[PDB]
């Protein structure tokens, strides 16, 4: 059922967990560095878990997709073929930016954070800068112990702040990936859908120095020896059985003004979906002629497809549940209830008014803001602007450098510059530049940016072509040139005749002004947000509803049971899919082109010792009433005894609007069964070394 519960809420879910079927004590779950919770790790936007004492990590194929793609070429395409390392020496690097974060400690810092903020006084921009400096100091102190990365989280609109400290493993290697047609069976057609038949798993191994301490990739590194790791279930998972997930959901918007919802549904989602579909269509068309573009843009294209389809689904779910109407009546109720409370309610009512105004302020420039951000997110302009900004930040003392441009960020920035080699083709990027220039030109006069208008020097197809022709002379196309500029100083950027550098120099003052504006709004939000969201929480509690913070990339627990759902009268979706349903979807063409060893093994009914009698087959995926979102991909699903029975990977079509308005009847997790991981690794793309190492 509902709720992305923080660990600190365990006392409150202890009873519900037992009722649902958990056989572990709640204290055993409350030990976040113990067994089994200490086996759960963060990857930075996906979750994973250890599954051997020698550092083996399991997650979704779509989480490892970036790493598989970085190790792929047109001629040797691991996305297509899978990957398998017979020995740990055969493992390939997942890329310099790949990470496994192992939870060490969580600290409440709410009192100190709120004091740092209060000490700024009336000024919105100061209040932002106070919170920044507080965070920077806190994180510098916490990261004084080498090998650790820390993160500060704000919960419930700034009513609670906690600090997380994590061991930061920085040498992550790819150990195994099934073929693409298993890992992404059904592709974008089955994305966000049930029935689902997708073997969405992959394995990493985590490495540290011979001295035990995190290091970047080196052949002298050796496997990390985790304190705790998961075991595979020895009891067959069935319909109605208890399941629980712990992971790192990224963002929800369940506490939101009706106006924030209205702008999202009416403008944000449709606009983004359209832009992403336009880019898909260009890249798709060009990748058909050019297998180098197809392999280099594949991870980008996966993200665009997934987000744009998610947004289409949210819009449809909003209509199905009348989310607009719900948000309007709920807000009417909360404001009523507040007015109800005399003077005691006034601070929340005023905070509501301030939040509404700040939404209006961001709305006035939304087209400009989005269009400029995505234009500058093309590969050369993004490299130019990032690196120019770094050169500026490098002239301030580290403590005053903008988050993302501090010494602690330099490894990521450098890694990003190298990884781009596997993700960029000039003739492809050119067409994306051109799309965004043509979108820019459609902006009305008050959403335009002088610096870009002057650089374009024209408002028509010829000016667009001249600009593209100019940018095409950049040298930032090569990794070596990007790294040169990574180390160069500000005056060197300002002297350059590289046309992408020249663009970054021309626009940077405007970028910095826009950033100050966003910080100013954020500072006003810091004043109003906690007070209104505390009112929302108090109101929900007075109605007997579940109260838990919106997702914010920190560790949450959700629990419930294996069950289907009923999309329309006269039909039900069953909790499981089976091997035969995979074969039934076979067409021999992408995305429905399973490995021939799969087709043969199912035809021959080789169930590998993994058959569940109750469904007559090996299970493939299943549905459950857990409450997950983006960031939970790769989260282990645990049974009543804390054993691994699957990995979370998706939500069904109707679930996705639950980001804004939770619907219990149609909100389900889609998970890949542990038995299907094992079956694939037995019968289809064998990895007998890994099954051995997992004691199966």
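Numbering follows the first chain given and starts at 1.
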- [ ] Between 282 to 290 and 588 to 596, name whichever shows the higher mean Cα B factor according to the PDB entry.
- [x] 282 to 290
- [ ] Output the stretch having the higher mean C-alpha B factor in the entry; the candidates are 192 to 200 and 104 to 112.
- [x] 104 to 112
Task: C-alpha B-factor winner, where the candidates are 262, 625, 517, 572 - done: 517
- [ ] Sort 617, 558, 166, 221 by C-alpha B-factor from the entry and give me just the highest.
- [x] 221
Open item on the list: Quick check for you: using the entry's CA B-factors within this chain, is residue 405 in the lowest, middle or highest third?
Closed with: middle
Task: Position of residue 316 among the chain's modelled residues by C-alpha B-factor, lowest, middle or highest third - done: lowest
Open item on the list: How does the C-alpha B factor of residue 24 compare with the rest of the chain: lowest, middle or highest third?
Closed with: highest
Task: Ranked C-alpha temperature factor of residue 13 among modelled chain residues, by third - done: middle
TODO: Select lowest, middle or highest to describe the third in which the CA B-factor of residue 60 falls within its chain in this entry.
DONE: lowest
